[PDB]
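Q: Protein chains in written order, with the deposited numbering: chain E, 3 to 82; chain F, 2 to 81; chain A, 2 to 81; chain D, 2 to 82; chain B, 3 to 82; chain C, 2 to 82. Virtual Cβ for every residue (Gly too), placed ideally from N, Cα, C.
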Amino acid sequence: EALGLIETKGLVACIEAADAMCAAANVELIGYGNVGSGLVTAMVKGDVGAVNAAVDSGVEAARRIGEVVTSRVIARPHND
Amino acid sequence: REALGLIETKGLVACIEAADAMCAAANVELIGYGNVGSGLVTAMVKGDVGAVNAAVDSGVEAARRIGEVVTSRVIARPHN
Amino acid sequence: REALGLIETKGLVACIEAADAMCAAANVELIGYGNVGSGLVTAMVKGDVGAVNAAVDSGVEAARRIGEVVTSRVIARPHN
Amino acid sequence: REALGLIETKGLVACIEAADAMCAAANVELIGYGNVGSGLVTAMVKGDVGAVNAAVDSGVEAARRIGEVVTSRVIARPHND
Amino acid sequence: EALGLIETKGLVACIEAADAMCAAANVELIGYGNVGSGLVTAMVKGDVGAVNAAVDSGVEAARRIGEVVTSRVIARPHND
Amino acid sequence: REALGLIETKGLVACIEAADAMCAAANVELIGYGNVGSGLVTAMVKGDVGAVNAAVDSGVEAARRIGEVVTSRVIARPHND
Numbered sequence: 003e004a005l006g007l008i009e010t011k012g013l014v015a016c017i018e019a020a021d022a023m024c025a026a027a028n029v030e031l032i033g034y035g036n037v038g039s040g041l042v043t044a045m046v047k048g049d050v051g052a053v054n055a056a057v058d059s060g061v062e063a064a065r066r067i068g069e070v071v072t073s074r075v076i077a078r079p080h081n082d
Numbered sequence: 002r003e004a005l006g007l008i009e010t011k012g013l014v015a016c017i018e019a020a021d022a023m024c025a026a027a028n029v030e031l032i033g034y035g036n037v038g039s040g041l042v043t044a045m046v047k048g049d050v051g052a053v054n055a056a057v058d059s060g061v062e063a064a065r066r067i068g069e070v071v072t073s074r075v076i077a078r079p080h081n
Numbered sequence: 002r003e004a005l006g007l008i009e010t011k012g013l014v015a016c017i018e019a020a021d022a023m024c025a026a027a028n029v030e031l032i033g034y035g036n037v038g039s040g041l042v043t044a045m046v047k048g049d050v051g052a053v054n055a056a057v058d059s060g061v062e063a064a065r066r067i068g069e070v071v072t073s074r075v076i077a078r079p080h081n
Numbered sequence: 002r003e004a005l006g007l008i009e010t011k012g013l014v015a016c017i018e019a020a021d022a023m024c025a026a027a028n029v030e031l032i033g034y035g036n037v038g039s040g041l042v043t044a045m046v047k048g049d050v051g052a053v054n055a056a057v058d059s060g061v062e063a064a065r066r067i068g069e070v071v072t073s074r075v076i077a078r079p080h081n082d
Numbered sequence: 003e004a005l006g007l008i009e010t011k012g013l014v015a016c017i018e019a020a021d022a023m024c025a026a027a028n029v030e031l032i033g034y035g036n037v038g039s040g041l042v043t044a045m046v047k048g049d050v051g052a053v054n055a056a057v058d059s060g061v062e063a064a065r066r067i068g069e070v071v072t073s074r075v076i077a078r079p080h081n082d
Numbered sequence: 002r003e004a005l006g007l008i009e010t011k012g013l014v015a016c017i018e019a020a021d022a023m024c025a026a027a028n029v030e031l032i033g034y035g036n037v038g039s040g041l042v043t044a045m046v047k048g049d050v051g052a053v054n055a056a057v058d059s060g061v062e063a064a065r066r067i068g069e070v071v072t073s074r075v076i077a078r079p080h081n082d
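#1: Just to confirm the assignment, what range does the beta strand (DSSP E) spanning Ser73/D have?
#2: Under a three-way DSSP split, which group does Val61/D fall into?
#3: What number of angstroms, rounded off, separates the C-alpha of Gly68/D from the C-alpha of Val37/E?
#4: Could you tell me the alpha carbon to alpha carbon distance between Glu3/E and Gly51/C, rounded to whole angstroms?
#5: Tell me the residue span of the alpha helix (DSSP H) that contains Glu30/F.
#6: What's the call for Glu62/B, buried or exposed, on a 16-neighbour Cβ count within 10 Å?
#7: Kindly indicate which three-state DSSP category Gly40/C falls into: helix, strand or coil?
#8: With distance defined between alpha-carbon atoms, name the residue in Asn81/D, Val29/D and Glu9/D nearest to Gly35/D.
#9: For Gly51/D, does the three-state DSSP call read helix, strand or coil?
#10: Got a sec? Which residues, its chain only, sit under 6 angstroms from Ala15/F by beta carbon, not counting five neighbours each side?
#11: Taking CB distances under 9 angstroms as the criterion, tell me whether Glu18/E reaches chain F.
#12: Roughly how many angstroms lie between the CA atoms of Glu30/A and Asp58/A, to the nearest whole one?
#13: Going by Cα to Cα distance, which pick from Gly40/D, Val75/D, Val46/D and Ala25/D is closest to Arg78/E?
#14: Which first and last residues belong to the beta strand (DSSP E) in which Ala4/D is found?
#15: Using a Cβ cut-off of 9 angstroms (strictly closer), state whether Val53/B contacts chain C.
#16: Quick check: is the beta carbon of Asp82/E nearer than 9 angstroms to any beta carbon in chain D?
#17: Could you tell me how far apart the beta carbons of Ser39/E and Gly40/D are, in whole angstroms, since I believe they sit closer than 8 angstroms?
#18: Pull up the distance between the alpha-carbon of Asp49/E and that of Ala27/D, whole angstroms please.
#19: Using CA coordinates, which residue listed in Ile17/C, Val53/C, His80/C and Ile76/C is at the minimum distance from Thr43/D?
#20: Does chain B have any CB closer than 9 angstroms to the CB of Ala25/A?
#21: Please decide whether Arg2/C counts as near chain B, where near means a Cβ-Cβ distance under 9 angstroms.
#22: Out of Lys11/E, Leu5/E, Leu7/E and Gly6/E, state which residue places its alpha-carbon closest to the alpha-carbon of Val71/E.
#23: For a cutoff of 9 angstroms on Cβ pairs, would you count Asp21/C as touching chain D?
#24: Would you say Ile76/F and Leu7/F are within 9 angstroms of each other, going by their C-beta atoms?
#25: Anything in chain D within Cβ reach of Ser39/C, meaning under 7 angstroms, just list it in chain order.
Here it is in structure tokens:
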């Protein structure tokens, strides 16, 4: 399954990105990843069409709240 | 099926104040705190959307007296 | 059912000094420390509101000699 | 008894991409990630030195599109780990 | 027992401070305290004369290596 | 009764390089790493003071190629640890 990734500065922007990802398309929230320095990543799972649509509006919603530092869709992940 | 209120502050003391002012302002229940490092700490509350909007509103006002409020949000119908 | 005193400092050593000076100043009980990274460390005390106000007052005075007092607060009637 | 490739990025998303791009580029095996705070995250791969050199090369190219590649390295014959 | 505290930017300066404290006088290393942001604290225990001599040359030693951000001797700690 | 060698770097990859070059340079044994956040991570080695001085010396040279060496130290007769 494809993997969608949005990393934000701060936890609240990330929760919003994750909520907007799961509202926008048929993706499943995998969880969050925190590496300190305020960087938090929301991770979603689905078909590449859904994941591309989820990440797209996850990024738009998060930018209203705060800092989106990077985002990515990986259509065919090798690990995880 | 409960709304979610979120206040993120720079520092723990502003966050405790935000959480205390949220719980004093309306019929919301504190879920806990979330810390992602960099000094960013998030208070999270639960309730009906009217109560949550009133708590976050005065939670933000109280915290700003103490310190830095970096972001806030009410999510009326959270997906995850 | 007890008031709460809070001092957040830049660095661990100032915080230990604030906490020692709080507990020497009045009949307050150290609850523990809270660390949210970024060097921010919070000393937390418990007592009647008169004692807690006297503890925090001289806790802040002591810590400022050593280092940075970034925020402080007395919550006379904490909700959590 | 195997070479080690290392890519350190600013942020978690660049690192996952580097790790995905390393494992797609050559016959390397992801060992895991290492996080030391300050946003610095390191993907670590294992393989023969030819494969590991090719994985890191394109891992760095992939990550740089996404974000900050702060350092990278191939250790052909590691003494520890 | 008195408590001596040296906080440095970085782990190597702190290990150096702790080694120089314990070499200078009859103090006993309690451990380290790390609160992130690179701040690390060496803590020693002993009679107040020893702890004052330990902290003094721990501070001198650490400064050769790196950044000493604060230091303190607490002659009669109320907690810990 | 053994000396301690210490190299602290900004970032995990420089530190692994320092640690590998310490163990390649002399008869020292890697104790482990120490991370205090802010990107600062420390390689720690054990051995006779001559070996430890030789290891730390070239551990620092190797790491400086990759990244930032923020501090280093040899403690010939450590009181604790």
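A: The answer reads as follows:
#1: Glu69 to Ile76
#2: helix
#3: In a straight line, the C-alpha of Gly68/D is about 15 angstroms away from that of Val37/E.
#4: 55 angstroms
#5: Careful: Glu30/F lies outside any alpha helix (DSSP H), inside the beta strand (DSSP E) at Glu30 to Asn36.
#6: exposed
#7: coil
#8: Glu9/D
#9: helix
#10: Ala64, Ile67 and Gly68
#11: yes
#12: 15 angstroms
#13: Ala25/D
#14: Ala4 to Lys11
#15: Chain C places no beta carbon closer than 9 angstroms to that of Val53/B, leaving this residue out of the contacts.
#16: yes
#17: 4 angstroms
#18: 25 angstroms
#19: Just measuring C-alpha positions, the residue of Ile17/C, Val53/C, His80/C and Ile76/C sitting nearest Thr43/D is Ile17/C.
#20: yes
#21: So no, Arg2/C is outside the interface.
#22: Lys11/E
#23: Yes, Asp21/C lies at the interface with chain D (some Cβ there is under 9 angstroms from its Cβ).
#24: yes
#25: Near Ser39/C (Cβ distances below 7 angstroms), the residues of chain D are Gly38 and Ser39.
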